[PDB]
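Asks: Take this structure first; my questions come after.
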There are 2 protein chains.
Amino acid sequence: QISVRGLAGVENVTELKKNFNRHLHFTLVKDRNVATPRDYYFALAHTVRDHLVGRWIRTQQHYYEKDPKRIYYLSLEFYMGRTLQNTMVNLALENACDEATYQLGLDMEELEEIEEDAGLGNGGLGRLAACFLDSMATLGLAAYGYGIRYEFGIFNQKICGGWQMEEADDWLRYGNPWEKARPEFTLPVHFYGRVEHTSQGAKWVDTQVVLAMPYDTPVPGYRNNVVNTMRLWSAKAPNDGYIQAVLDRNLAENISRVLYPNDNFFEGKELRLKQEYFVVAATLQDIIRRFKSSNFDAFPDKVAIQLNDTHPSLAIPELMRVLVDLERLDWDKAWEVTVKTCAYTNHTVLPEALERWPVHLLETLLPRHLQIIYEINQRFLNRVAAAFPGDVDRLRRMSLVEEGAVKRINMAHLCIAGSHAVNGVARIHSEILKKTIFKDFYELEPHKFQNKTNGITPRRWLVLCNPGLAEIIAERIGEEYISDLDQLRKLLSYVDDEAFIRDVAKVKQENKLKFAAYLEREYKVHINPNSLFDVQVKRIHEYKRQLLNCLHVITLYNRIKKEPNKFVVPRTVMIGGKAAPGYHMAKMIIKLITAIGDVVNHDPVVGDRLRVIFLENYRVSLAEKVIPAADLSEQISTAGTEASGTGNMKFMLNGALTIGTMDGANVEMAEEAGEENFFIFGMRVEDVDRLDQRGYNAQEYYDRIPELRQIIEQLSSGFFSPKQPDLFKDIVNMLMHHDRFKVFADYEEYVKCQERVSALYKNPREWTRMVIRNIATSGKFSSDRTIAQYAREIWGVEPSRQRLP
Amino acid sequence: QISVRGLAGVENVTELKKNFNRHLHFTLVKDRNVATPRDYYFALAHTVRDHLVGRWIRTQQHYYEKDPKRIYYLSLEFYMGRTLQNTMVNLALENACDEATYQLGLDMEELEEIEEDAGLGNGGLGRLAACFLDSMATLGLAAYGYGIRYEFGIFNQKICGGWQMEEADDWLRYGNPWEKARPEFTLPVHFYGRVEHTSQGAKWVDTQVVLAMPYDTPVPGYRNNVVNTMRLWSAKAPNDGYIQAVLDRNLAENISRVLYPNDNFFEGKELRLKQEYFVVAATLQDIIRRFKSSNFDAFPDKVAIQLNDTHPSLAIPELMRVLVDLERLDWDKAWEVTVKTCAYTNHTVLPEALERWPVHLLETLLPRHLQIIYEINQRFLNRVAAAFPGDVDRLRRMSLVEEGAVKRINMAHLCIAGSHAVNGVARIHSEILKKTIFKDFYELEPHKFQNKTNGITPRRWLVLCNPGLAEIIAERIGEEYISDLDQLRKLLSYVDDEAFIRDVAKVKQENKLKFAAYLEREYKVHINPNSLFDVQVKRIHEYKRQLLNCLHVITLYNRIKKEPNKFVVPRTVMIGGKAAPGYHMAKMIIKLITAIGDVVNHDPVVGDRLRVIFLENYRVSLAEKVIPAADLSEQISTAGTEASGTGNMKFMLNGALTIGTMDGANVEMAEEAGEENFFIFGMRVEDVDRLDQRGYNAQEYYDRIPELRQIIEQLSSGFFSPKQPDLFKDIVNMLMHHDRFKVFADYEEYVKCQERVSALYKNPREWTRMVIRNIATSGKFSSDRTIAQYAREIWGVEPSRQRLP
Ligand SMILES: CC1(C)c2ccc(C(=O)O)c3c(Nc4ccc(O)cc4)n(-c4ccc(O)cc4)c(c23)C[C@@H]1O
């Protein structure tokens, strides 16, 4: 069909059909008479997976033979999405399978919709892990993703009566054709117990054992014949009245049962601590076994462990435990190895996200790790005291141990102390780390602190989800950009090219029709395809300020009612994302969005000039549908709160213009494109700080802005909940009296900036030319660039995009 | 190698090796460098399973096209054992795979030892189900086995300190290459709730739903191209704080977690009741769907439901529930259909085995079924009252409702009332049913009561486990006997044939060396291969009288110590079998066996003249090893207690002579061979009854038998437990004062009969000639004969051993 999707060679298609039919017969045990579309999806998935196997085996053999330094990306989350299209793209098989299935009478895109997302993450951090796996394989790194094979990923969200309802994400119900169970590589993980100090040294005894069974999933690089591994551990009860004892095996196996759905929030649940140690303990056993199959001097030359947030921070004391207690290294040598092995990525400054585990919980579950943590703290604070003699407050601030009613271990402090590199995920965030929350650590060890601005893979996030845009780009500049995204800057040459302008707008219109067709087919929801698609998709949080979007939406509605005869650019305002189950405010915000829609979408004076829709069950596969259809990308977090963002980058790559604050990677996106090509508004970090310094008074904004006052009175008086007039009193009260994110303070600039958005959209040519200037400068935000930096600046390995044989 | 194992055709071997290597590469994702023997086993298993798929699909299509009456064998247990060798035997692939794997450098028998038993049964009843599936496929019946896919089968038994320890039988740990999950055929099963009576009729509402997911396993007939299905249901939570709710999905899924390990004993556990309804409800939905894909007049013409014991007895009220409540048939028409559809097989007369569920438990879990059961009872008792006017005691005795402190439903009475056929499992047992425990039901409906003497499949139980014996037989009479076992009578012609006599003894000696090698390799246990192998393997129960064997073993030991210089036939006495976890006496009996061995096996005066060994973890695969090696088959249950037995038949088919009571199918085995060819001893049923009539006094036997008195004093005084002198006081006390199975009353005849056993074994030629007379007359005990009778006398279908194309 389109060239970026590869060749449908005659023999390749013939072989694909034969292997499809073989799987249908021998694997699905069906013939065409009874085969369901799901049977067809699985026959195709097995056929495509078969094309990975040779390279997968040879890649891993190649690493065994050449012994490169191995990169271990440890994460509690791998937000992978679906795998069938990604595999075909990266194997150059997409047109061939499309033709093969077409000749069999099947629509391959219909089959693709049958695959369950591997929804093993919450949001940005977990999706970063997924993009990173893709980029590390495309860059030829000997890299392994290590995580948990959750039986249930992030919950499936249903909207019922305008409210979020959570259902179990039973993604393995029909099996997983991608993974390969490796029950022969199963390893014991220990919990509880107690420490004996013998003549040999310390001994961790009387533990309860949980087995960790690895499942390996292939990670294909982009057309370089590299296939790396994602290894996900599954909890299994050890082999050794009767019925209840068998049933009680469920308790240990609950360790890998379900992903904790807290996006940016720490709740010290013991089961979550168990999950974190589970990944850490089994993974480090793997790492050490592989290292010995090559004395621990060389260990940091052969192993990098990257900690995705503090979630696997126990790797630092676990590595010490293994090196000291089992390998009998001296403490100082073991510590030198550990710090040189480990590096730590921080993802947020919000204090409620910081993992601060109660000491008594650690003492019970992991008694030897708490001892090692205390020893780490004593030695680290001795270094602090020697560098800053007499600075007692600095000692208290830097300690891994936090005092209080509940004594706790600060896992971020543990990570900094035990890592040779610490990085934030965007320039502004990494500077904030050095300036504020880790300033003490930066002053002790400035060399540790780095920036690694996040990115997204242009395979999943352009070639896969927006083949039309990838094609019109390739028609001009070739296909090299797909793994060399800075070549998109060549498109600045085409900013006055009438053909490209036409094609960019044509592609966007096709994507919008496709998304409108999706909403009609799957939900019987009708959206005006000739409206500006205004999209805010991301997890629901106060700091991301979906509520500020809500205020603007009601402003548009109230201005229409005030002057019904005045032309306004028609909009479909779309908001989607999941709220954590126990986050009352976030669930109220979802209900407000649907409640606004219930009024707006049924007002005959409004008609199709304005519609407000909550996109249900936002997840990786839905992001791939809606982001290519978006005109306006809402990135409106309070300045200083969004460490980087990555949804912002997806929209930029896919031809939406961005309205946003100078926050996270927005800053660098605007720098890359030129601020004249972004709708930047609102307080900067400095202005937020000035408000905090004098005290944020929302009443002052209410008193001075009639249009804002009108909206608050509508919320209070029940205008958006006539049957329950005080339904939204908590939102109103938070906004008026307890708003940590200063919604009102950006209201006026936001509404006026939104006016400028509409003004440009009335000029289709100039809208599209500004779009070109964004797409053309999105190259910096490829995760290949991010990974190349991690490789050279932290891991000490040189990337390579050369083909394996 | 040997002809009964088929042809190793040149192209077949070449194709097998290619498909082996394809599976190793694409399915196991290994190359030969790293492949474990388990990888090799799985590559072979997939290769062999691939050879079933075409016939499996075509068999089931054939049934769809020809619409024969379908047989549904409902059982809570399918004691299947391993599947790889059985599949190769029945597909005529065994020599070809043997040669193919040999050319790849692999020992196929080593690979076979890697397969986990599908241990989904307890003993005779569950193994009968497995043999029946094999025979119904070999006889061309459109037959389906329906059961539960237990995550954990019968526990793995370890002997530790001479005691049984139970471990979870994690048979699915490495997967199951045989089964095909059918998650698309998943069905809802309902529990709890309540009954509404509307205008339409009754309605079962407010239930909790458990999903039943079917897994299909192929059942190959013997070289007739028939492949039937065993469908096993797996419990799954329905699709619709948060974390605990996800974890609590385990509660519904516990329904299929583990097989209840009670052999012959009813404990009214609610979870077991749930399992029973689970199989019943999902299976009958399948049956009805398949029936509609062909008005319910014709339903009994198209459906037979065979109830394996009372365990799926809820099928009777469930079928009524569906026909009346959902299909809106009148009660009387629905009842006519039900009784003509259902038939019931009874497996034991022991009262403690009878399922008698508390009415309050049924009312809570299955409120509509209890209503239907009460209505069934009222109408049935009305028939009783009309046939036997004024016989009020008969009404009380026959009622489905049993009065008492806890009111209960007698599930056997439900089965008789709701079934057009009731059968026992051996002639003596089926007569006892008509004479005693079901005499009232027999007098009301004599036409209902049948016999179907049990049998065993000669595929698994001769060709598979004893290929040497199968070969020397085939060398004389051809291979037709393998599915026409009455042709073994041709071997009576060879009773004076020196070559056959030589070969029979040679085969037995090879099997004994092979089993001795097994015990050395797997347990470092040394047995004298030139000793008589005296084997009692079966579940441990008082009624099977392992204790009587114990008394004889100690007698042999005490006689040796009394006259050390006197020659005795050397024996290896082997006892194996599992005790139910909560059955104290059975566990004490295992400990006594090992305690006897601890004295006997270490007495230098005894040496290798006598050894006593407890065979650990007796299961189908171990039965296949030890039964072909046995010289003497211990079948010594108290007359009247063993309904049939089937282990007795396995030994007879495999060249052991039998010592036993006139009990169960022993009677018919002795009738078939001639009593002169069996070591029959002990009380007959009539003598047991005479003892009960006057009261069994064990003291009288103790007082009159010095050698018995000596053994009891050794047990009491601690001779077999010096470190815990009163370890066996409970056994002694039961024997002396509470022995329901009259161990002492058969002691003298047993010991003297055992003398006759030894006397014949001293004459190898006459021992072997008597063996020939047993093997030659074992043909009646083929489960093909049993199934042919079920087909013609209950199900109304005609068997056929003709090939499918
Ligand atoms: C070598 C090659 C071209 C091929 C040719 C022929 C057959 C066949 O059976 O006629 C093949 C199967 N069989 C086959 C296919 C599916 C199945 O379930 C069993 C066997 N598989 C194959 C593919 C995937 C596997 O996990 C295992 C083998 C492969 C086959 C792989 C390869 O494409």
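Shown for chain B, in order and in Swiss-Prot numbering: 13-252, 262-315, 326-836.
Heads up, header says this was done by X-ray crystallography, 2.0 Å.
Including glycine, each Cβ sits where the backbone N, Cα and C put it.
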Asks: Do you know which of B:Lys313, B:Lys465, B:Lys537, B:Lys681 is annotated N6-(pyridoxal phosphate)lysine by Swiss-Prot?
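Replies: When Swiss-Prot is consulted, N6-(pyridoxal phosphate)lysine appears for B:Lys681.
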Asks: On a C-alpha basis, identify the one among B:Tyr204, B:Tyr227, B:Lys681, B:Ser748 that is nearest to B:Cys143 (site 'Involved in the association of subunits'); the candidates are the modified residues.
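Replies: Ranked by Cα distance from B:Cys143 (site 'Involved in the association of subunits'), first place goes to B:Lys681.
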Asks: Which one is closest to B:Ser514 (phosphoserine) in space, judged by CA to CA distance, out of the modified residues B:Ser15, B:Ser430, B:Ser748?
Replies: B:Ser15
Asks: Could you tally the C-beta atoms, other than its own, that fall within 10 angstroms of the C-beta of B:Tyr227 (phosphotyrosine)?
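Replies: Its Cβ has 18 other Cβ atoms within 10 Å.
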Asks: Taking Cα atoms as reference points, rank the recorded positions B:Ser15, B:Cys109, B:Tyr156, B:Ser430 by distance from B:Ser748 (phosphoserine) and give the first.
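Replies: Closest candidate to B:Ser748 (phosphoserine), judged by Cα separation, is B:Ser430.
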Asks: May I ask which of the recorded positions B:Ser15, B:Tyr156, B:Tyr204, B:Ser430, B:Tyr473 is closest to B:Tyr227 (phosphotyrosine) if we compare their C-alpha atoms?
Replies: B:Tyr156
Asks: Can you check which residues sit near B:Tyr156 (site 'Can be labeled by an AMP analog'), meaning Cβ under 8 Å from its Cβ, same chain, 6 or more apart in sequence, and list them in order?
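Replies: Set apart from B:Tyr156 (site 'Can be labeled by an AMP analog') by at least 6 residues yet with Cβ under 8 Å, we have B:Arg82, B:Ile83, B:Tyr84, B:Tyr85, B:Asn240, B:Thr241, B:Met242, B:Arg243.
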Asks: Among all chains shown, work out which of the modified residues B:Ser430, B:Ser514, B:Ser747, B:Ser748 has the most CB atoms within 10 A of its CB.
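Replies: Ranked by Cβ atoms within 10 Å, first place goes to B:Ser514.
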Asks: Let me know the whole-Å distance spanning the Cα atoms of B:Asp252 and B:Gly262; 9 residues are not modelled in that stretch.
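Replies: Those two Cα atoms are 15 Å from each other.
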Asks: What is the Cβ neighbour count of B:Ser15 (phosphoserine) at a 10 Å cut-off, with all protein chains included?
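Replies: The answer is 12 other Cβ atoms.
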Asks: Measure from the Cβ of B:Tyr473 (phosphotyrosine) and count the other Cβ atoms within 10 Å, all protein chains considered.
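Replies: For B:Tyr473 (phosphotyrosine), the count of other Cβ atoms within 10 Å is 18.
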Asks: How many whole Å apart are the CA atoms of B:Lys681 (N6-(pyridoxal phosphate)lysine) and B:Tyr204 (phosphotyrosine)?
Replies: 44
Asks: Rounded to a whole number, what is the CA to CA span in angstrom between B:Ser315 and B:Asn326 on either side of 10 missing residues?
Replies: 12
